[PDB]
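One chain comes next, on its own, written out as C-alpha cells in the form deposited in one PDB entry.
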C-alpha cells in the first residue's frame, strides 16, 4: 500500500490518498476490505474519516482526511536532538482524552483496534488527535474464531495476548493506552522489548509476574509458564517520575495503574477510563 497527498477539486480541502492495487492471487486485499468496511462504520471526531473509495482498473484508492503528523512524529520533533522527553502534562491529559474518546466509540460498536501505538495516532495542525490504521482491527460483534496477528513492534502488546491468548476482548486496546500514556509522560517506551520473549520479561519486570490468585485464568494461556521466576511489582512512581519534570500526582497514577493491569478482566474500560477522577475538570 502506497499513499500520496492530494486535494478535492470541487473543494480545496486536502486529503490523503492510500493506494491499493487490484488483481492478484488474493485479488482485493483483505486488509482493504476490512479497513474500508469498518471505516464506514466509524464516524466520530477522533477517528480519521474515510471520505470515499476510488476503484478503477487494477487500482483502488481510499481517500482519508489528510492529517499532519502523529503522536510519534510529534514528540520526536519536540526532542529528536535532546533524547527522550515527555510532554507538558496538560497536553498529556488532552491527547489521552481524545484517544479514549475515539476508542470508547470503537468499543461501543463492538470493534477492537488491535494495533494502537504512537504512530497510529494522527494529529492535525489544530492539535486534534484521531485513531488511525484500522487494517488489523475487527468487528467482535461477529463471533468468529480469533487469532492475533504479526505486528512490527510488541511495545504495546498486552501480556496475556503475548502469552498466546485468543479470547481477549476490548481489554487489549486499553493496555496499549496505558503504554501510550506512560510514553507521553516520560518521553520514551515503557517496554522496549525486541521479541515476544524479551517483551514479556520487561512487562513482568515492572509489573511483577502474573498472580495466579488475582488472575487464575492465566494458567489457561497457551504460552504460560507454570514455574517462572516470580517477581514482585516494582512501583510505578520510582520508574517514571525520575524521567518526568512534573510531580506525577495521585490520580494520574491510580489511572495509570487501572490501564496497566496484567489480568485483562481487571483492566479499566474506555468508558470507565473517561470517568476516572483524573479527568474530573473536563466535566461539570
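Superpose the two forms; the largest set of C-alphas matching within 1.5 Å is the rigid core. Residue numbers count along the first chain shown, from 1.
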Considering only other entries where residues before and after it are modelled, is residue 56 without coordinates in at least a third?
yes
Please report whether at least a third of the other compared entries leave residue 159 without coordinates.
no
Check the entry's C-alpha temperature factors for 131-139 and 103-111, then say which stretch has the higher mean.
131-139
When the C-alpha temperature factors are averaged for each of 238-246 and 223-231, which stretch ends up with the higher value in the entry?
238-246
Of 260, 266, 274, 15, which one's C-alpha B factor is largest in the deposited record?
15
Based on the entry's values, in what third of the chain does the Cα temperature factor of residue 44 lie: lowest, middle or highest?
middle
Relative to the other modelled residues of the same chain, rank the CA B-factor of residue 147 and answer lowest, middle or highest third.
lowest
Chain-relative C-alpha B factor for residue 77 (record values, thirds): the highest
Here the Cα B-factor of residue 165, set against its chain, lands in the third termed lowest
Assert third(CA B-factor, residue 86) within chain per record equals middle
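The form deposited in another entry is left out here; the points below concern that form.
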Superposing on the rigid core between this form and the one not shown, the only one of 220, 234, 43, 55 with a Cα displacement of 2 Å or more is 55
Quick one: core overlaid, is residue 23 moving 2 Å or more at the Cα between this form and the one not shown?
yes
Using the core for the fit, does the CA position of residue 98 change by 2 Å or more between this form and the one not shown?
no
Residue 119: CA shift of at least 2 Å between this form and the one not shown after core fit?
no
Do the C-alpha atoms of residue 133 and residue 149 sit closer or farther apart in that other deposited form than they do here, given a shift of 3 Å or more?
farther
Residue 152 and residue 174, C-alpha gap in that other deposited form relative to this structure (3 Å or more)
closer
